[PDB]
Amino acid sequence: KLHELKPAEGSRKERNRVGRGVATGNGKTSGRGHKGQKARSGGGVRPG
Amino acid sequence: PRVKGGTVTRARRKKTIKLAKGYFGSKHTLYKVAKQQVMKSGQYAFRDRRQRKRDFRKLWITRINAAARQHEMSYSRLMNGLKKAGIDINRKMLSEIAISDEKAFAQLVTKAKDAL
Amino acid sequence: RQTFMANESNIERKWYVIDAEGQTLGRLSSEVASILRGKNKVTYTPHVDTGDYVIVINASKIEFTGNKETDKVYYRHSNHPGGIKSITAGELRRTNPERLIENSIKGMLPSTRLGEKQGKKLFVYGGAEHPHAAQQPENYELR
Amino acid sequence: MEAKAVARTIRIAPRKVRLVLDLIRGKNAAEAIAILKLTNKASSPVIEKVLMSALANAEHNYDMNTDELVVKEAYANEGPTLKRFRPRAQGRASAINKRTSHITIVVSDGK
Amino acid sequence: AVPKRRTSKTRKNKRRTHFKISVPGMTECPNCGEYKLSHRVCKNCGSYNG
Amino acid sequence: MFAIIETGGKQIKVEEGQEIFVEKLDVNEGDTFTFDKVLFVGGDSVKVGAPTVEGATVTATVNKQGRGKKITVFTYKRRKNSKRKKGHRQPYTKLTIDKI
RNA sequence: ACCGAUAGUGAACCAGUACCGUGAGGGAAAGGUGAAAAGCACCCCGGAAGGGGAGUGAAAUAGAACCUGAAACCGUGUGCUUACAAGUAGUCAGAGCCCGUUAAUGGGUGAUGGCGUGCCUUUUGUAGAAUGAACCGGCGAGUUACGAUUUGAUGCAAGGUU
RNA sequence: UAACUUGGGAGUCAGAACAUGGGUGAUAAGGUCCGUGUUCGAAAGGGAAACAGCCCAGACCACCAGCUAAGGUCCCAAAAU
RNA sequence: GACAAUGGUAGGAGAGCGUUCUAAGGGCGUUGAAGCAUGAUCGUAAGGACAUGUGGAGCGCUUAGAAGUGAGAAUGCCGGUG
């Protein structure tokens with residue numbers, strides 16, 4: 001039926017959004033830290 | 001789809017202004033000023049709720065001591081006597097009977113002295 | 001919640017008289033201050049005045065201890081640059097015995113709106129006669 | 001019952017209008033006219049016309065007598081502002097506000 | 001010397017306690033019948049009697 | 001006369017023909033409950049002693065099983081981005097004394 | 001499973017227009033009466049603008065500065081309270097006075113007592129005299145494409161798959 | 001009542017005071033560099049007048065219930081003139 | 001039922017609230033929808049109802065899917081007003 005659709009259990013998960021308030025856990029710094037090269041937009045160092 | 005704001009920001013800010021009814025000046029009008037006062041009010045209530053119990057216990061002891069001084073004996077000496085006899089009546093009930101029935105409190109004082 | 005509270009409609013105030021012959025200044029003041037605050041009554045209420053009026057006779061002829069006659073100094077300031085004044089306890093006792101007793105007692109009371117009013121019920125007289133005979137003051141024995 | 005008159009968008013600042021309005025509240029009809037005619041203010045001629053036009057309504061649209069009338073309400077509101085500019089020193093300019101007001105007068109027979 | 005803090009409307013209303021005008025001081029003219037300024041003439045007929 | 005009873009931690013003085021509020025009990029609405037612990041009995045008669053009076057129960061009638069007014073619990077830490085909000089309603093029991 | 005007038009082309013209106021520069025060049029703000037103009041005949045205050053009646057209309061506080069009409073901010077009247085008092089302006093306790101609800105151990109105000117030095121950022125450490133905000137409203141920041149790895153679900157299975 | 005192994009995701013590399021053993025300085029510093037503990041950092045509550053690091057003690061929520069620690073019992077200010 | 005645990009910055013893990021659009025099913029509305037204002041109401045939180053005034057034509061509910069999905073700070077941008 002098109003008005004009772006249930007996906008398989010354990011097969012769907014909601015994504016994570018950062019910078020959406022402090023109660024979520026990733027509000028201000030969005031999981032980056034404080035004042036570093038890795039805390040800027042543009043990446044860090046090369047994989048090697 | 002473009003999700004534009006509306007009827008959500010306004011409905012959430014007016015709840016804070018309603019909680020600040022009766023404040024002085026802009027503290028009941030402006031959301032930014034009123035929001036800070038509500039957080040302070042909540043912090044104060046949590047602290048004062050537990051502090052309220054200490055204040056009322058100290059009031060009963062003061063009234064008990066004054067009533068005991070009229071029988072030529074002290075508060076720290078009276079409470080020691082009651083526990084020897086095992087009266088097991090708290091300060092709240094001791095204070096109420098010391099102003100309602102002054103004759104009833106005299107009976108307890110005599111019993112405490114008998115037990116030394 | 002059954003704790004009794006006192007208000008202005010069920011409070012009775014009395015008048016007492018105390019003589020200061022051969023009493024230490026601080027020891028007389030310690031007991032007097034507890035009477036003005038109503039701490040000796042069983043219906044004590046911290047936010048309502050429940051005290052009694054106090055009359056103190058013989059402000060003079062009060063005794064100190066040690067060398068307090070000339071080694072106890074009272075300072076004050078007139079809010080002007082360099083203006084500070086002083087007086088000894090011995091000089092103050094014979095020039096103004098009433099102000100000496102008042103200051104010692106009033107310093108033992110809380111400095112609030114209610115405390116500033118409870119100190120208005122104290123009467124100090126240098127001699128041995130008081131003009132408050134219309135009331136019914138009783139002699140008070142110190143504990 | 002009550003008769004009223006309103007004048008809208010008068011080129012006078014609201015703060016200056018209220019100075020004369022507080023002198024006529026609750027006054028007699030002839031007393032209020034006399035006060036407005038003997039004061040050397042800028043809003044006195046304007047307010048008087050609103051009062052005299054409010055008395056005319058009470059005598060024509062309603063069957064009242066204009067000898068027991070009193071002033072029950074008298075207040076000034078504010079309207080749109082005319083925004084001008086004035087050149088100051090060093091090449092910059094400052095804003096100038098030309099404010100307007102709405103003047104209302106209510107006369108009541110009583111009862 | 002710029003103001004350090006914003007002035008609240010409680011202080012502003014207190015300051016304007018004495019900012020007011022009063023009645024001119026009018027008296028009745030016993031020739032015209034309506035009020036006129038003291039020590040002045042009646043505007044309706046120009047009668048400064050007495 | 002008056003009596004002193006305990007209904008868990010607390011102690012309260014009661015008289016005949018009086019409504020009291022205590023903590024939640026297992027009793028239903030309208031049933032009859034009795035207090036088996038009395039520490040003091042006063043009034044016109046001879047004051048009874050302690051720790052407990054041998055006998056001398058107190059009976060009362062249950063009126064309702066309600067809940068108290070909601071209270072908000074809010075705490076936060078300055079400059080640390082920490083806060084918490086909670087609500088609490090405390091159930092109670094309303095009784096009316098009819099015999100001591 | 002694109003926007004709905006701060007969005008969508010810079011431009012929903014006669015916009016590359018106003019306006020700014022010697023010049024190349026830069027570059028806006030402004031949508032809505034009502035189904036039908038049926039857009040107030042006539043009376044009163046003026047010099048006029050405006051207003052009060054009457055009338056048209058379901059509605060005129062829909063009167064062309066015209067659909068609804070929040071906040072900052074500015075004025076009028078009222079119930080309680082305040083001119084001996086040292087205030088991050090609240091919270092807990094509490095007499096007195098005025099009312100009556102989504103009817104519940106109700107609402108408004110506040111004589112007195114206790115406790116109590118804003119928020120964010122950055123710091124070993126901030127009431128800090130270290131930074132930021134005049135106030136209110138709107139907009140304003142981890143997304144998509146192609147590859148790699150890991151976890152869960154599902155189909156087949158020495159085969160699986162376009 | 002925890003340790004070890006293999007895999008997914010991080011943050012951190014400016015620390016401070018107190019007690020103790022030292023170097024350096026001047027048996028100076030709220031000085032500086034090491035070893036060993038506690039606390040703060042990231043900890044509210046009580047005491048030291050106020051006072052991150054000292055003493056006692058680790059807040060799930062509600063009550064006008066009882067006993068204790070550090071420090072205290074003449075008045076402010078609860079408890080022995 | 002019996003016992004045990006529940007202070008927290010950087011950061012890791014889980015369960016949830018609300019907004020816009022789409023599919024299917026089922027509803028409301030000129031005897032009055034959204035929006036706006038007030039109220040002494042409900043849940044452990046983000047939040048959800050009901051009544052009364054204004055308003056004059058659209059809007060919720062259940063299960064799924066998608067994202068221009070949540071504002072107090074950037075000497076932030078635009079408009080209004082002290």
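According to the calculation over all Cα-Cα pairs in the protein assembly as shown, the P(r) per 10 Å bin from zero is 2, 9, 11, 12, 13, 14, 16, 14, 7, 2, 0, 0 %. The phi torsions of the stretch A:15-23, fed into the Karplus equation with coefficients 6.51, -1.76 and 1.60 and a -60° offset, translate into couplings of 6, 10, 10, 9, x, 10, x, 7, 6 Hz, rounded to whole numbers, with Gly and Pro shown as x. The angle between the Cα long axis of helix B:91-100 and the main principal axis of chain B comes to about 70°, on a 0 to 90 degree scale. Axis angle, to the nearest 10 degrees, between helix B:9-19 and the longest C-alpha principal axis of chain B: 30 degrees.
Backbone geometry of the stretch F:47-64 corresponds, through the Karplus equation with coefficients 6.51, -1.76 and 1.60 at θ = phi - 60°, to 3J(HN,Hα) couplings of 5, 8, x, 7, x, 9, 7, 5, x, 6, 6, 10, 10, 7, 10, 7, 9, 7 Hz, x marking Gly and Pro. For chain C, a Gaussian network of Cα nodes joined below 10 Å ranks C:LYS85, C:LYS61, C:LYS41 by mean-square fluctuation, and the top entry is C:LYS85.
Could you tell me the ratio Rg/Rh of chain E? Both radii from Cα atoms, Rh via Kirkwood.
On the way: Rg = 21.5 Å, Rh = 14.8 Å.
Looking at chain E, the ratio lands at 1.45.
DSSP assigns beta bridges within chain C; of those with both partners inside it, close to 30 percent run antiparallel.
Could you tell me the calculated FRET efficiency between A:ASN16 and B:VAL33, based on Cβ-Cβ distance and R0 = 41 angstrom, to the nearest 0.05?
Numbers: r = 34 Å, r/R0 = 0.84.
Computed FRET efficiency for A:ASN16 and B:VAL33 comes out at 0.75.
Given q = 0.13, 0.17, 0.18 Å⁻¹, what are the Debye log10 I(q)/I(0) values for the stretch B:35-116, with equal point scatterers placed on the Cα positions and solvent ignored? Here the Debye-derived log intensity ratios amount to -0.50, -0.68, -0.73.
When only DSSP loop residues count, what trypsin sites (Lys or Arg not before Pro) in the stretch D:18-55 have their Cβ near at most 14 other Cβ atoms within 10 Å? It would help to have the intermediate numbers written out before the result.
Values: sites: D:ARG18, D:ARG25, D:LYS27, D:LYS37, D:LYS41, D:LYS49; in loops: D:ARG25, D:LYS27, D:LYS41.
When the trypsin sites (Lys or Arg not before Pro) of the stretch D:18-55 are filtered for loop state and at most 14 Cβ neighbours within 10 Å, D:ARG25 remain.
Computed 3J(HN,Hα) for the stretch D:101-108, one whole-Hz value per residue from the Karplus formula 6.51 cos²θ - 1.76 cosθ + 1.60 where θ = phi - 60°, is 9, 10, 9, 10, 9, 10, 10, 10, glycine and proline marked x.
How big is the convex hull of the Cα atoms of chain F, per residue, in Å³?
So the per-residue Cα hull volume is 137 Å³.
Near the amide H of A:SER30, under 5 Å away, which other amide H atoms are found, from residues 5 or more places off or on another chain, if H is placed in the peptide plane? It is A:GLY19, by chain and number. Once the trypsin sites (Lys or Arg not before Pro) in DSSP loops with at most 11 neighbouring Cβ atoms within 10 Å are cut out of chain B, the longest remaining piece is B:22-116. Rounded to the nearest 10 degrees, the angle from helix C:25-36 to the longest Cα principal axis of chain C is 20 degrees. Of the chymotrypsin sites (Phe, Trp or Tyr not before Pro) found in the stretch B:20-65, those in coil by DSSP whose Cβ has at most 11 other Cβ atoms within 10 Å are B:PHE24. Taking label points 7 Å from Cα along the Cα-to-Cβ direction, D:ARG11 and D:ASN57 give a separation of 2.6 nm. Can you pull the percent of Cα pairs in chain C with separation above 24 Å? Distances greater than 24 Å cover 40 percent of the Cα pairs.
Net charge around C:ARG93, counting only other residues with Cβ within less than 15 Å of its Cβ (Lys, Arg = +1; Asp, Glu = -1)? With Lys, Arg at +1 and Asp, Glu at -1, the neighbours total -2.
Please note: Cβ atoms are built from the backbone with ideal geometry, for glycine as well, and neighbour counts cover all protein chains shown. Each value in this text was obtained by applying a stated rule to the coordinates, not by laboratory testing.
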